[PDB]
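Numbering-wise, the sequence shown is residues 169 to 201, 219 to 272, 286 to 362, 379 to 395, 402 to 494 according to the deposited numbering. We put the CB at the ideal spot given by N, CA and C, even for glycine.
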Amino acid sequence: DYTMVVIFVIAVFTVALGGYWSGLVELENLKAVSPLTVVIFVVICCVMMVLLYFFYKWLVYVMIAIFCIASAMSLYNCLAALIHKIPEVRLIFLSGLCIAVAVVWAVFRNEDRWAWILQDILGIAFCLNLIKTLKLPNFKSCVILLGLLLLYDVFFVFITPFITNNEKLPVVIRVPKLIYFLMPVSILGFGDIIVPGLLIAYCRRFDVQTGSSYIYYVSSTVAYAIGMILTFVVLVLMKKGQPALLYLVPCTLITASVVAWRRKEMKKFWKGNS
C-alpha cells in the first residue's frame, strides 16, 4: 500500500525539520549572546492515563479542546517563521486562519472523508513545535526519557492482551489507504515522532554547539529513518501491530552512542556542554 511510503515521509520530514529548526534557534543564542523528576513524571503521567480510562466520556472532550488550542498555537508559530523570512494585519490574518482551521477541524471531527488531512496538518504543526521548544539539557536526560517511554510501550504491548465513548483521541496521525483515494487506517501516534524527535533535535543542537558540522543530526535522522523502515518491515512480515518506539529508540540511541564514542565526544555529550 502507498501509505507506508507516505507516513514514512510525513514522519521523517517532520522530525528532520524539527531537529533542523531547533538547531537554527540555538545558532542565534550563540551568535547574539533531569534524573530525579522521572518519578514525578511517571506518577503524574500514569495518573492521566488512569483518569482517561475511568472518566473517558467527559475527559475526551477536554483532551480534544486542549489539542485544538495547542495545535492552533503551534500552527501559528510554525507558519509565522516562513512569512517572517518573506519580505500587523498579516499576523492577525494568519492568526484568524489558524483559529479557523482549528475550529473547522473541531466541528468536523467524525467526517472521516476529509478530516484526516486537517488532523495531519495540525498534528505536524504540534509535533514541529514540541520538537523545537522542549529543550532536553543533556544526553543523560535523553536516554532516561527514551528508555522510560520504551518501557511504557513495552507495557502497552504486554498488558493489552490481558484485558482482551464514540469519540477518538486526537493524539494520533490518521492516513487512509492511499490505493484508491470504507477507508481503513494507518495510525502513527505523536509519541513516535516527538520522543525521538527530541533526541534528534538534541543531536543537532549539540552539533551546533560543538563547532559547525552535520554529523550528529544526519546520523540521528538516518537511523530514525532506518528504524521506521524496520518497523514497517516487521509489520509487513509478522501480521501484528508492533509499537514503533521499540524499533526507533534503540536505532537512534545506539547510533548516537557509537558516534560519540568514535569521536572522543562522549563526556561532553553525556554531561552537556554546560
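What would DSSP say about residue i, mapped onto helix, strand or coil?
i: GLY409; result: strand
i: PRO390; result: strand
i: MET486; result: coil
i: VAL385; result: coil
i: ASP169; result: coil
i: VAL355; result: helix
i: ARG424; result: helix
i: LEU221; result: coil
i: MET403; result: coil
i: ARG307; result: coil
i: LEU348; result: helix
i: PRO416; result: helix
i: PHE395; result: coil
i: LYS338; result: helix
i: residue 274; result: Coordinates for residue 274 are absent; the numbering of the chain skips from 272 straight to 286.
i: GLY294; result: helix
On the criterion of 16 or more Cβ atoms from any shown chain inside 10 Å, does residue i qualify as buried, or is it exposed?
i: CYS340; result: buried
i: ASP412; result: buried
i: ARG482; result: exposed
i: residue 204; result: This structure gives no coordinates for residue 204. The numbering of the chain moves from 201 immediately to 219.
i: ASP169; result: exposed
i: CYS230; result: exposed
i: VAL469; result: buried
i: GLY191; result: buried
i: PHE252; result: buried
i: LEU334; result: buried
i: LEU457; result: exposed
i: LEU198; result: exposed
i: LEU349; result: exposed
i: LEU402; result: exposed
i: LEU344; result: buried
Going by the beta-carbon positions, is the gap between residue i and residue j smaller than 8 Å?
i: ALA304; j: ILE249; result: yes
i: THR475; j: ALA443; result: yes
i: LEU465; j: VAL385; result: no
i: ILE175; j: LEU408; result: yes
i: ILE435; j: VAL479; result: yes
i: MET172; j: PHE395; result: no
i: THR472; j: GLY447; result: yes
i: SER440; j: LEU419; result: yes
i: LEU316; j: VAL301; result: no
i: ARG388; j: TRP312; result: no
i: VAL245; j: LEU383; result: yes
i: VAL183; j: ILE329; result: yes
i: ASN379; j: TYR238; result: no
i: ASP318; j: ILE225; result: no
i: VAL223; j: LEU346; result: yes
i: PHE337; j: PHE489; result: yes
i: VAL405; j: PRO463; result: no
i: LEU292; j: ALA266; result: no
i: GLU194; j: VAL428; result: yes
i: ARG288; j: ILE297; result: no
i: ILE357; j: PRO220; result: no
From what residue to what residue does the alpha helix (DSSP H) around residue i run?
i: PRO470; result: 465 to 481
i: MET448; result: 435 to 457
i: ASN327; result: 313 to 331
i: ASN197; result: 174 to 200
i: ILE249; result: 241 to 270
i: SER432; result: Careful: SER432 lies outside any alpha helix (DSSP H) and carries neither H nor E.
For residue i, is the beta carbon positioned less than 7 Å from some heavy atom of the ligand SAH?
i: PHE360; result: Ligands displayed in this structure: none; no statement on the ligand SAH is therefore possible.
Quick check on residue i - is its C-beta less than 8 Å from some C-beta in chain B?
i: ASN262; result: The displayed structure is made up of one protein chain only, and chain B is not part of it.
Could you check whether the segment 422 to 431 touches the segment 184 to 193, counting it as contact only if at least three pairs of C-beta atoms, one from each stretch, sit closer than 8 Å?
yes
Closer than 8 Å is the cut-off here; do at least three beta carbon pairs connect the segment 244 to 262 with the segment 314 to 324?
Remark: three or more beta-carbon pairs, one from each stretch, lie closer than 8 Å, so the segment 244 to 262 and the segment 314 to 324 are flagged as touching.
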